[PDB]
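Sequence order for the protein chains is A, B, C and D. Using our numbering, the letters of the first sequence correspond one by one to residues 5 to 443. Using our numbering, the letters of the second sequence correspond one by one to residues 78 to 518. Using our numbering, the letters of the third sequence correspond one by one to residues 5 to 443. Using our numbering, the letters of the fourth sequence correspond one by one to residues 486 to 558. So the structure is just underneath, and the comments pick up after that.
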Amino acid sequence: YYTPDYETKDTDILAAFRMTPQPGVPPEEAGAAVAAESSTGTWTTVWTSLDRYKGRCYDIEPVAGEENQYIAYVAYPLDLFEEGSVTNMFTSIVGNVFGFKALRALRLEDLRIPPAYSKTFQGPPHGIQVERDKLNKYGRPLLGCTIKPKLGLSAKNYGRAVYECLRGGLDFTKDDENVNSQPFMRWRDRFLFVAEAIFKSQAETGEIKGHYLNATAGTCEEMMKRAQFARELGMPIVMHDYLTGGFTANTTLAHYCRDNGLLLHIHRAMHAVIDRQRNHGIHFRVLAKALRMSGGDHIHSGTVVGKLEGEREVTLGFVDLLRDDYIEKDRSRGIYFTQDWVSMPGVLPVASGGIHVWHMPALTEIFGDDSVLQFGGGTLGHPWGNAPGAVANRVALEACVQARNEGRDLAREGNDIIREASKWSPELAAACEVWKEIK
Amino acid sequence: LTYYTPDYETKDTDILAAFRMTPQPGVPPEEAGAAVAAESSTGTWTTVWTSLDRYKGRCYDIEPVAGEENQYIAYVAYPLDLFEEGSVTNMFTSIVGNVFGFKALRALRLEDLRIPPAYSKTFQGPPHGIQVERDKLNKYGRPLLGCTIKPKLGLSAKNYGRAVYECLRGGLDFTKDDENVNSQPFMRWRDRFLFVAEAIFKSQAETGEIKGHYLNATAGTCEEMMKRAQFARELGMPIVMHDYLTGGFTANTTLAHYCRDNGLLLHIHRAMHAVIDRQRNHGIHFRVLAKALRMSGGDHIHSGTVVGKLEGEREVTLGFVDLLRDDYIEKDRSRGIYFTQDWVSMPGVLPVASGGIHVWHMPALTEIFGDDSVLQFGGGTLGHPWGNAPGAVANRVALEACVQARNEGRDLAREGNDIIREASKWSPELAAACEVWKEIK
Amino acid sequence: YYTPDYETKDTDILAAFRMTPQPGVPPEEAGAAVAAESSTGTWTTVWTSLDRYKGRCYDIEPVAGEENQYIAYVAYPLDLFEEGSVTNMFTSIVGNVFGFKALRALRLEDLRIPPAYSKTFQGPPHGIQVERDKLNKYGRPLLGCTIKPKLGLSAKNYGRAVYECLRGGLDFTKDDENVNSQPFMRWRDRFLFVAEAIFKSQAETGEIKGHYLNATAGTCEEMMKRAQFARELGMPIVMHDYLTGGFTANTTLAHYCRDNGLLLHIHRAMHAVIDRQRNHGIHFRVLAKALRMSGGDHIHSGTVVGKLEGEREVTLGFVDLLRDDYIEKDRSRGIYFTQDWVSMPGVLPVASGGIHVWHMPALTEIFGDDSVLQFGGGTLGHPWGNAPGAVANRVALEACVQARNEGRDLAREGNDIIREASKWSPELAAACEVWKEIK
Amino acid sequence: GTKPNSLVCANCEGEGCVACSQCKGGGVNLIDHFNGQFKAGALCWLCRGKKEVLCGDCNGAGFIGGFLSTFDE
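Shown next as structure tokens:
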């Protein structure tokens, strides 16, 4: 298998994993066994012309800093995959490779998809440029919030909190991941009360508002029923969970949204079981590429306002993969291959966690005005209530955007901008007394 | 406050779980437990955002694992009103959606679950089961046999059907298809189905026995998946096949529901599972995914051979095999069982053995599993020096030899090599195979 | 059978009937014959393992006050019943037990349904808490009336009386039980004229009003046609008769209402042929439990005003079974088993008969503000017309609610509270001259 | 934010609430804040007559590491 003189073609799928061979196994022998245990399962021409229907290792590097670590490269032919199927791609590259005993740990890192294979997929339903035109919002990042705790509330009372937050100045409102249909609140009458509050808040401010409605179900017949009822009421956006529902069900929902004009929001649940350890699993940057091809408009990515050097580059690395059109090779940021998306729409990233007013300058400078910021306890915890709480967040945001368009460093001048702003807004003042400043 | 209630008694309508934990150096163990019960539910230990009260989970027990200083077992109980009836996705989303991202720990692993009878009655279960399928196939008293066309690849449809026809006439019962073969430029599916159906009838018309073949139905969309299932029903095929880990539970439940309403048999193939249940300190044990499938629906499942397992092992496998097949299982800590389970008359699931096996491994497989399993041969059937049809006769002749002796009071354990040799004398196909594959002594 | 030491498990269905054995039959041998004549039909193991597929008697008590009377207890296995079917439950427990020639009279009294069997049913469509949110009415019982006699009126004239009553202050308006489709008035043009009057009365008062539309039919194809036409006009509630139509047809209608957002009203006709005598038939408290599982929001119970001690407890007993969630054993109120409904929605009871203004303090104190009161001649018999008749009832009801929110007793004051109120309302005054005071 | 070998939040000692400094646990303005907006004898301008606010370190959790007091990662 190992063909160090091999030259990849323009229609080949490439992969790269790291390996931890057992004591005794030579490195050059282990690499060739991974390429075979992924395709045919043999090193001889006894059962055979087949020849071209196999994989091959063409490169091996030693990892610096650890003696027992290597990087391998494998190439696959194009005719081994079914067009338009994401399930087939995973079941072929990785169907049985982590059960190999001669190793101790394995981890997939990156993949290169040639343009001759990406053209058979549909991609995101709308994208970034099209979505901004439907909402008529330009210049700054969007805002949102989620009713997190509570639980056990009635349908009437659930719609009360939605109306208060939207009237304050927010843009979106979320739901809870583990809320589909339960004895204390059924799904049909929760949809009715939510849609009533959206129309009322749209007549006082004259701006477009929305709310993510969960559409996960146990069967495909039931999942499609909840999506059609959201179109009769004229709702603009829905929500799905693509890691516990499966890839087959996610592709069906993406096609429906494109044919009816709906926006899709994606949540990543259960992901921590796969991509937390440093020596076993599949890196998150691979699952992000599969989501772009399958379909989606938003995705969760996590905050980095709490990281340091070495980090904050891996996360910044795969943010470019979700928005750009041509990404060059860069090993310092965790990119092993050059990728071209031949004019495919991008995906908007979402940042969340425990954040507050004193974090405004940090998030704006890093992500830019191309993301969505979500708040949890930083909105419902205001001493005056829900509606005054949403006023504080809006004010702070506008301040940062304005300063930036005057040549004022947001990395240094930050606590100052917030303070001078709490000198003409009583709501912000109160909030600045509950939460503490940032060194 | 209830968080860590070392006295609370559970009720008959509660779902219980048990995970092992590896706390960081300094974190008291009794406090880490309560944090797992909160991150898997509300997320708070105070009544500030709160009557909620009953909508929370609670830890009620902690034990230290012997042999390791940093290891503990925690027990959590959940109320019944937190789950949606008939949904398997919701249970997995609720129980573990944000628990492995916790940083106050180092490693976590879920081990077991208990499902009360008040929750199992809202599911359908396997379409047919064990007893019903044996009446449909009219086979009694011995395990079934099968074979798979593992290598090959790139063959035309006619050549693909020729091998199936040759193998089925030798004496085998089933025949399988490669996992990574759905629809490719070198061979599409609508003609492979036709050729397999043509071969099956010709094979059946001679020996006068019912035969079958697993047809792959995995697809990229649910519209395409359901199209390949009705075509198999039009031709009168008895069985199909699906992958339930890369496809998802939502697509599997619909397939099970369709199979129940039309009289088909479902074969389940586990794939990608090695990424989850390989390490000893992170992931989810396979015995939980085995219980999930029984509620979701299925007839066959891949488990794992045990004759290569030594003392200490071979116990957990025999435990979850009993969990798959039996109706009432008692608590036994030596076999990896932490809870008492009752299935209130739900049908069982047939386990399937596989790997690299030959004729000299027959008595051991028959002794352990019993006559309630399916044995699959890979390179041990197409590697015969004379062909495929003579290759199947050796396996068929060997299996019968073992069963008969067993029914006469002979020990298939100590003996076995002798039994095999005595049959080779009167069987030339049994011989030759004993000149290519050696015997274990 | 007769197994005294037998201990019932948590997945068994229990029943209790009273018996009147013929002279000569010992009591202990008669009990065992009922358990057999209900399941297998034999006392020997000749046709047989079956064993577990049979019923068993485990207790016998003598009834005080009558020498020839006993109470028997029978237990049944869980695997004998089909999930989600009410028809199968009745045809198995009682398919041939009243034809036994060794007895003279039999009567079923109570049943216990384990939680492992109730979870396979859907239950009421909405319930109590959800229904009150759809109507936006809190703190007081609802009011209604029914056009009882009349007959032969045209469709135009039929809708005239509906508009008058609703404008006066009433909440609901009923129809007549024996009115489905007749030569003097067809069903389609009666629906059209009724819906027109509802919209008009909703613009003068700004309150939600409704009217029960009869949907009983001779065929299931015709019954579903009348239910879909009521959704196009946006009507909120329908009506059905569940004792002459059957249990199979009632379950089909309940499923449709849940999927479309409609309220169900249940009337009990022909019931007097089954549960009037004291020694033969099936008690009404059993048929009430079957209705909760099948589906329904309202049900007729009966005015308990003219009842004495000893009575007024059997009625109060099964009212709790329709509204509570956990009921304990109490033999003095006719409850033989402890029942748990594991979070199932409740049912609103309805009281009717010949009632008037002087009967207002009595009904409010007993039922509470969780019921519906219906009037017949106590509205259309006013000396000034229909619209004024509904004002009297509305005025009187508000007087009672306020008094209770002050500490005044409604079991004494009563007559007083009413008089003082007829000192500022000319309509109530006139009504207090047609009907006589209550001693 | 944790305490000696314990995930408990120190600022609130596992409570999820803190006293209102302005009114100093009283419930009425003592000085004229917001110049011409808050008097020096009217209801407290922050808590508004409760003398208790939510803790910032932990947004009402009582413990530190969690999904209500951490940056998503």
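All C-beta atoms in this analysis are idealised placements derived from N, C-alpha and C, irrespective of residue type, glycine included.
Would B/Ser-373 pass as an interface residue toward chain A - the criterion being a Cβ-Cβ separation below 7 Å?
Sequence index remark: in the second sequence, residue 373 of chain B carries index 296 (1-based). No, no contact with chain A.
Less than 7 Å between CB atoms is the rule here; does C/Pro-240 satisfy it with respect to chain B?
On the third sequence, position 236 is the one that residue 240 of chain C refers to. No, its Cβ sits nowhere closer than 7 Å to a Cβ of chain B.
Roughly how many whole angstroms lie between the Cα atoms of B/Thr-123 and D/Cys-502?
Here residue 123 of chain B refers to the residue found at position 46 when the second sequence is read from its first residue. Here residue 502 of chain D refers to the residue found at position 17 when the fourth sequence is read from its first residue. B/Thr-123 and D/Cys-502: Cα-Cα distance of roughly 10 Å.
For A/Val-376, does the count of other Cβ atoms within 10 angstroms reach 16, so buried, or fall short, so exposed?
Position 372 of the first sequence, counted from the first residue, corresponds to residue 376 of chain A. Label assigned to A/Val-376: buried.
Measure the CB-CB distance between B/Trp-126 and D/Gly-545 and report whether it falls below 7 Å.
In the second sequence, counting from the first residue as 1, residue 126 of chain B sits at position 49. In the fourth sequence, counting from the first residue as 1, residue 545 of chain D sits at position 60. Cβ atoms of B/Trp-126 and D/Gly-545: closer than 7 Å.
Compare the beta carbon distance of C/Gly-59 and C/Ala-39 with 7 Å and say whether it is the shorter of the two.
Here residue 59 of chain C refers to the residue found at position 55 of the third sequence. Here residue 39 of chain C refers to the residue found at position 35 of the third sequence. Yes; because the gap between Cβ atoms is below 7 Å, this pair is in contact.
Pull up the distance between the alpha-carbon of A/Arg-144 and that of A/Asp-373, whole angstroms please.
Here residue 144 of chain A refers to the residue found at position 140 when the first sequence is read from its first residue. Here residue 373 of chain A refers to the residue found at position 369 when the first sequence is read from its first residue. Answer to the nearest angstrom: the Cα atoms are 5 Å apart.
Starting from C/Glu-410 and walking both ways along the beta strand (DSSP E), at which residues does that stretch end?
Here residue 410 of chain C refers to the residue found at position 406 when the third sequence is read from its first residue. Note, C/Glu-410: premise wrong, no beta strand (DSSP E); not H, not E.
Could you give the first and the last residue of the continuous beta strand (DSSP E) run that contains A/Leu-147?
Taking the first residue of the first sequence as 1, we reach residue 147 of chain A at position 143. Unbroken beta strand (DSSP E) run through A/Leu-147: 146-150.
Ordered along the chain, which non-local residues of its own chain (more than five positions away) have a Cβ less than 6 Å from that of A/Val-346?
Taking the first sequence and counting its residues from 1, the one referred to as residue 346 of chain A is at position 342. Correct list, in chain order: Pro-119.
Residue 524 of chain B: buried (16+ other C-beta within 10 angstroms of its C-beta) or exposed?
Residue 524 of chain B lies beyond the range of chain B shown here (78 to 518); nothing can be said about it.
Counting only Cβ pairs nearer than 8 Å, list the residues of chain D close to A/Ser-96.
The residue given as residue 96 of chain A occupies position 92 in the first sequence. Result: empty, since nearest Cβ-Cβ is about 31 Å, beyond 8 Å.
Along chain C, in chain order, which residues have C-beta atoms closer than 8 Å to that of B/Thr-199?
What you label residue 199 of chain B is simply residue 122 of the second sequence in a count that begins at 1. Residues of chain C passing the Cβ test: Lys-123 and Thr-124.
Tell me, to the nearest whole angstrom, how far the beta carbon of A/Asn-390 is from that of A/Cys-169; I am working on the premise that it is less than 8 Å.
One-based indexing of the first sequence puts residue 390 of chain A at position 386. One-based indexing of the first sequence puts residue 169 of chain A at position 165. About 6 Å; that satisfies the 8 Å criterion.
Could you tell me which chain D residues have their CB closer than 7 Å to the CB of residue 3 of chain A, listed as they occur along the chain?
Given that chain A is displayed from residue 5 to residue 443, the structure contains no residue 3 of chain A and the question cannot be resolved.
Would you call the CB atoms of B/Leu-401 and B/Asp-376 closer than 7 Å?
Residue mapping note: residue 401 of chain B aligns to position 324 of the second sequence, counting from 1. Residue mapping note: residue 376 of chain B aligns to position 299 of the second sequence, counting from 1. No, the Cβ-Cβ distance between B/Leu-401 and B/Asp-376 is not below 7 Å.
Taking Cβ-Cβ distances shorter than 7 Å, what residues in chain D pair up with A/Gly-306?
Taking the first sequence and counting its residues from 1, the one referred to as residue 306 of chain A is at position 302. Ordered by position in chain D, the residues that pass the 7 Å Cβ test against A/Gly-306 are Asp-557 and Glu-558.
What residue from C/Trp-362, C/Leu-352 and C/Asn-283 has the CA that sits closest to C/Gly-131's CA?
Numbered from its first residue, the third sequence carries residue 131 of chain C at position 127. The shortest Cα separation from C/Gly-131 among C/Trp-362, C/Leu-352 and C/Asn-283 belongs to C/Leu-352.
Are B/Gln-101 and B/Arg-183 closer than 7 Å when you measure CB to CB?
Position 24 of the second sequence holds residue 101 of chain B. Position 106 of the second sequence holds residue 183 of chain B. Yes, they are a contact pair.
Does B/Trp-503 pass the burial test, meaning 16 or more other C-beta atoms within 10 Å, or should it be called exposed?
Within the second sequence, the letter at position 426 stands for residue 503 of chain B. Its Cβ having fewer than 16 others within 10 Å, B/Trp-503 is exposed.
Mapping the DSSP letters down to three states, classify B/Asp-212 as helix, strand or coil.
Here residue 212 of chain B is taken as the residue at index 135 of the second sequence, counted from 1. If DSSP states are grouped into helix, strand and coil, B/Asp-212 belongs with the helices.
Under the DSSP definition of a beta bridge, which residues are partnered with B/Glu-283?
Against the second sequence, residue 283 of chain B aligns to sequence position 206. Answer is none; B/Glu-283 lacks a bridge partner.
With a threshold of 6 Å on Cβ separation, who are the neighbours of B/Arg-364 within its own chain once the five nearest residues in sequence on each side are excluded?
For the purposes of this step, residue 364 of chain B is identified with residue 287 of the second sequence, where counting begins at 1. Within the same chain, B/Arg-364 has close Cβ partners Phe-397.
When the Cα of B/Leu-312 is compared with those of B/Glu-477, B/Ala-274 and B/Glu-300, which residue comes out closest?
What you label residue 312 of chain B is simply residue 235 of the second sequence in a count that begins at 1. For B/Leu-312, the nearest C-alpha among the options comes from B/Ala-274.
List, in order along the chain, the chain B residues whose C-beta lies closer than 8 Å to that of D/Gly-541?
As a working mapping, residue 541 of chain D is identified with position 56 in the fourth sequence. Chain B residues near D/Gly-541: none, gap ~13 Å exceeds 8 Å.
With a threshold of 7 Å between beta carbons, is D/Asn-490 in contact with chain B?
For this step, residue 490 of chain D is matched to residue 5 along the fourth sequence. Answer yes: the Cβ-Cβ gap between D/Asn-490 and chain B drops below 7 Å somewhere.
Using a Cβ-Cβ cut-off of less than 9 Å, list which residues of the stretch 322-351 of chain C approach chain B; keep chain order.
The stretch 322-351 of chain C vs chain B, Cβ under 9 Å: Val-346 and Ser-347.
To the nearest angstrom, how far is the alpha carbon of B/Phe-454 from that of B/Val-383?
Counting from 1 along the second sequence, the entry for residue 454 of chain B is found at position 377. Counting from 1 along the second sequence, the entry for residue 383 of chain B is found at position 306. Distance between the alpha carbons of B/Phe-454 and B/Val-383: 15 Å.
Tell whether a beta-carbon distance below 7 Å holds between C/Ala-159 and C/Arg-194.
Against the third sequence, residue 159 of chain C aligns to sequence position 155. Against the third sequence, residue 194 of chain C aligns to sequence position 190. Result yes, Cβ atoms of C/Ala-159 and C/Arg-194 sit closer than 7 Å.
C/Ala-120 touches chain B at which residues, Cβ-Cβ below 8 Å?
Your numbering for residue 120 of chain C matches position 116 in the third sequence. Those are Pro-194, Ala-195, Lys-198 and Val-421, listed as they occur along chain B.
Secondary structure at B/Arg-131, three-state DSSP: helix, strand or coil?
As a first step, residue 131 of chain B must be located in the second sequence, where it is residue number 54. The answer is helix: DSSP assigns B/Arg-131 an H, G or I state.
To the nearest angstrom, report how far apart B/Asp-488 and B/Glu-499 are at their CA atoms.
Against the second sequence, residue 488 of chain B aligns to sequence position 411. Against the second sequence, residue 499 of chain B aligns to sequence position 422. Roughly 15 Å separates the two Cα atoms.
Hey, does B/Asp-130 have any beta-carbon neighbour from chain C nearer than 7 Å?
In the second sequence, counting from the first residue as 1, residue 130 of chain B sits at position 53. No, B/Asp-130 does not count as interfacial toward chain C.
Counting only the same chain and skipping the five closest in sequence on each side, list residues whose C-beta sits under 7 Å from that of C/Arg-56.
Numbered from its first residue, the third sequence carries residue 56 of chain C at position 52. Within the same chain, C/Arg-56 has close Cβ partners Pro-81.
Out of B/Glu-506, B/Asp-495, B/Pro-505 and B/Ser-501, which has the shortest C-alpha to C-alpha gap to B/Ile-517?
Mapped onto the second sequence, residue 517 of chain B falls at position 440. Nearest of B/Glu-506, B/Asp-495, B/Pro-505 and B/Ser-501 to B/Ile-517, Cα basis: B/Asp-495.
Which value, in whole angstroms, describes the spacing of the CA atoms of C/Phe-341 and C/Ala-273?
Indexing the third sequence from 1 puts residue 341 of chain C at position 337. Indexing the third sequence from 1 puts residue 273 of chain C at position 269. Going by the C-alpha atoms only, they are around 28 Å apart.
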